[PDB]
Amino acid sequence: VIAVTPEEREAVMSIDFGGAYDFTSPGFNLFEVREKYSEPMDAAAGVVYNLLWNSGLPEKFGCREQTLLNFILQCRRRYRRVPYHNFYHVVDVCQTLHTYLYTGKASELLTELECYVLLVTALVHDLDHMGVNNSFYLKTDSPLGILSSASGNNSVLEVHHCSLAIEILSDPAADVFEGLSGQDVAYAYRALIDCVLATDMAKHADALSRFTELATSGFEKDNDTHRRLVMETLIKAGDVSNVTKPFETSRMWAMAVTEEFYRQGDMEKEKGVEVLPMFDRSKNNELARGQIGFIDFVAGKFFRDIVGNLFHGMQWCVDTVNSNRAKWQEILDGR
């Protein structure tokens, strides 16, 4: 086990935000932080450390300050230098989930322990992502794809993310569940795992269907399964929240996603496997049309459905994705 050094912790703690940022606000722009600090990775770690510690949740559940920081840094160490699925993506999902829980009032549907676990889970949900999706592993006969097929689980990356999450938390120095009872620890692990596994987009249609059925049948807060579905739906929302952010911020995320997809396509061309147009740098896809498509077919539809049927406090997400769609449409009609 490679321990986190005092220098590494000090590099994050020394970051001075000068009270010029509201990490609890939906308007927070992580790209601004990345551009204004010479050490963007330390600054990013600082954003989540500040946000999580200041929430009072870690302290409430017996997690020490240093343990929380070590956890954040151990997670960071496991994210690669890819265009999109890097440390910044999970910092963003974590911060975004905080806004859904507290600014969006989703915390009213969960216990405090579940809110804590959901925020922690955001940081481990994409561990060791290599910039290629599950399909790539299966199409290229990659070892990880072969193992997933033989073991009987199509969630290639998600099970991998869970395994690494368990590895990180097995270290006493980074165990953010260190203050929980044995019963709560087992409960927390299952919730964390359920949430990470729920991010597999191959389960999207079914996930949305189940959420809708829960909402229409009547949410019962005393039902652990109902609350679990809420947790899974929230992390899914954060995972596809890029299109619900202020236009300019949404575009920056889109350019990152695009470059990552193109790099996967470059690898697929080399391996002689099928390359979907959206992953092909040579088919000059239009950014605007692609964003309108993701909004209409996936993300916009998802937010309109979950906000309209249960997460009423997250209306701003819908108003913004609708506004962004109109802006992209305007761009299309202009070219």
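The numbering used is simple: start at 1 and walk along the sequence shown.
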134-142 set against 83-91, stretch whose average Cα temperature factor tops the other in the entry: 134-142
Of 121-129 and 210-218, the one with larger mean CA B-factor: 210-218
Modelled-residue ranking by C-alpha temperature factor, third containing residue 200: lowest
Chain-wide C-alpha B factor ranking for residue 276, given as lowest, middle or highest third: highest
Third of chain Cα B-factors occupied by residue 239: lowest
Chain third (lowest, middle, highest) by recorded CA B-factor, residue given as residue 306: lowest
B-factor third for the C-alpha atom of residue 41 within its chain: highest
